[PDB]
Structure formats: C-alpha cells, structure tokens
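# Sequence and experimental coordinates follow.
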Amino acid sequence: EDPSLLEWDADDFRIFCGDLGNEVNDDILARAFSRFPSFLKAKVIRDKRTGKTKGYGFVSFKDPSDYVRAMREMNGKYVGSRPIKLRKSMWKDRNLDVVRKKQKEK
Amino acid sequence: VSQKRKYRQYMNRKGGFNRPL
Amino acid sequence: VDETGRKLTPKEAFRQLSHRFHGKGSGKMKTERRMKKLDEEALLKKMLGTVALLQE
RNA sequence: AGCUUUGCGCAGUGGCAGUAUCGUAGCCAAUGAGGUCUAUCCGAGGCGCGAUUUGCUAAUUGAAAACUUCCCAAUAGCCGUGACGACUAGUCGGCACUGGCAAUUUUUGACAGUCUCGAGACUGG
C-alpha cells in the first residue's frame, strides 16, 4: 500500500496516460493539460534509484464532463516527443479487491 | 524424480560478462 | 517438471526458460489466471440426473 | 357513483429489425410538399449538406499486454566415544560428534473381520 495514492483523490477522475517519452514529460504533461480547465495535479511515475521514467503517468480531473472533452481532444495528441495514449484509472486497491473477491463467489 | 531446470541469465545482469555458477 | 512435480508442456517449459533467461517474469494478472486455472483443473479432476428426476 | 374516449409525460413486462438512426443560426412548404395509374382526383413534409456510441468480462499472441528473478551461504532421543567437571578403577551431570538403532520387555504394530444383550462369544480352514 504505497502512501502516494492519497493526493489526487477528491472524488475526481484520474486518466492514465501511457506511451510517454521517457527522456521528457517530467511536467510537460501538466503544461499541456493545464489549459483545461484550471490548476490541477498531474504526476509522472519516475522510478527512484534510476531517475528513469517508467512510462505511464496519471492526471486528475474535476468533472467527468471535462474529462470526456480532454480525452477526445488529447487522445493521440503529440505531447513532448511521443503521442500519448489515454485510458481510465484502475486504482484496484485492497478495499475494492476484497469486494471483488466477495462478488466472485456470489 | 525430477528437478526444475536451473538456467543462467544473459540480459540485465549487472554482473561480469562471464557466467556465474 | 514444475516444482509441484507436474509434467511440463514444452511451450510453458520454454516460457519459464525465457523468463529465467531475460530476467523478468509474467504479470500479476497472468500469474493469477494461471494459478486459478491450475486449481480449476485440480477441482475438476478430484471428483444433475437426480435433480432432473426429482424435478420432473 | 363507478364505466369509458383522445393527447401528452413517467415506468414495468414482451415481440420484431439493424441497407439505417440522428443533426439541420441551410433552402423550400397548407398563400400547398409531393403526385409513373391517376386527376374538376389525392393531400405532408421534401431537397442539399454532415456523423456513424459507452462500461464489464473472457481468450489468445508474445520474453515482456504496463496502475507505482535466481541463488550460495548462512541461518535455520538413546546406546559408544573425547574432554571438562563432580563424587567415591567405579558412579553421576552437562556438553560435543568421527559407528549403530524393524527379531520376545517397549519406537517399526496380534491385528482384522463377524455376531449378541457398558459386557461377552466366533473365525482367520
């Protein structure tokens, strides 16, 4: 249970953006996505001990409505040096995996 | 009886070019 | 043979060889799927006519 | 005092088909769209342009199908023997490891089956 999934969650929607250029995109994702709608949190998963970008990052959006337009207008949009691929965030943690296992037997 | 095969490593080793034992 | 002692099909034998060779295994989801399949086989092999007759 | 008709809105339960559904700060239209049976008769939309859904699950390919490896080492009862020690060549206690532990008193099985009202009987041909 990493203590790093408790910064974006304000009942907001997290878009998981994979296929990111490793050399860049430390904050260029935030620079690109700040235009819509306002200041937000956009992190990049850069593994420690190597400083090498693992690829995927996450972006937190206030509304599902703004998220729809953001996805439809940034899916494949040229960011940094690579086009980005957008999907929904999973955050399959314990409090939800227990419920999933409980539902399985039912 | 039989034992699981014990194969060596080539890529992403951080070790010497030659094999270990 | 796998550690549990089951005869290993050549395909997954080479799968394990390649994993050990490169230095990285399969994902968590694939491991879970594989294990659930193994226990499915065990449950099936370890073993509605009466119900139909009673319901008729 | 209750029954019942029409239009609309909201839900539930079914059937059918995906060559069709939708949009129209574009144009025309009951002051008439459109008429190839069918006309002193009939009577509503037409034309042009534009678009061609989302969540969940299973399965495969592959070395890897994206949500924060191996593997050494290490660690991990009794009878004899060797010392150390204690008590009178003998005895005892603890420790240690360089052989052994399925042949009547024990730890390598006289057990298993049967029958009768907690108790006994029968068989192993």
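Yes, it's here. Residues are numbered from 1 along each chain as shown, chains lettered A, B, ... in the order given.

# For residue C:11, which residues are in contact?
Residue C:11 makes no contacts at all, as judged by C-beta atoms under 8 Å, 6 or more residues apart in numbering or on different chains. For the C-beta atoms, the positions are set from N, CA and C on the backbone; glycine is no exception.

# Secondary structure element holding it?
Here residue C:11 sits within helix C:10-22, counting by DSSP states H and E.

# Would you mark the buried spots in that helix?
In terms of neighbour count (16 or more other C-beta atoms under 10 Å in any protein chain shown), helix C:10-22 has its buried residues at C:16, C:20.

# cool, and stretch C:20-31?
Applying a neighbour-count criterion of 16+ other C-beta under 10 Å, one finds residue C:20 buried in stretch C:20-31.

# What of stretch A:75-89?
Using 16+ other C-beta under 10 Å as the test for burial, stretch A:75-89 gives A:79, A:80, A:84, A:86.

# between those, which is closest to residue A:12?
Distances from residue A:12 to the buried residues of stretch A:75-89, taken as C-beta to C-beta, are shortest for residue A:86 (15.6 Å).

# which SS state does the closest one fall under?
Using DSSP: H, G, I helix; E, B strand; the rest coil, the structure places residue A:86 in strand.

# need the helices for the chain, in chain order.
I'll assume chain A. Ranges of helices within chain A are A:28-33, A:64-74, A:94-105, based on DSSP state H.

# repeat for chain C
Secondary structure of chain C (DSSP H): helices located at C:10-22, C:28-46, C:49-55.

# Any idea which of those gets closest to residue A:67?
When the helices of chain C are ranked by proximity to residue A:67, the top entry is helix C:28-46, at 25.3 Å, counting by C-beta to C-beta.

# ok, the closest one near chain B or not?
No - residues of helix C:28-46 contacting chain B under C-beta under 8 Å from any C-beta of the partner chain: none, with a closest distance of 15.8 Å.

# That'll do, ta.
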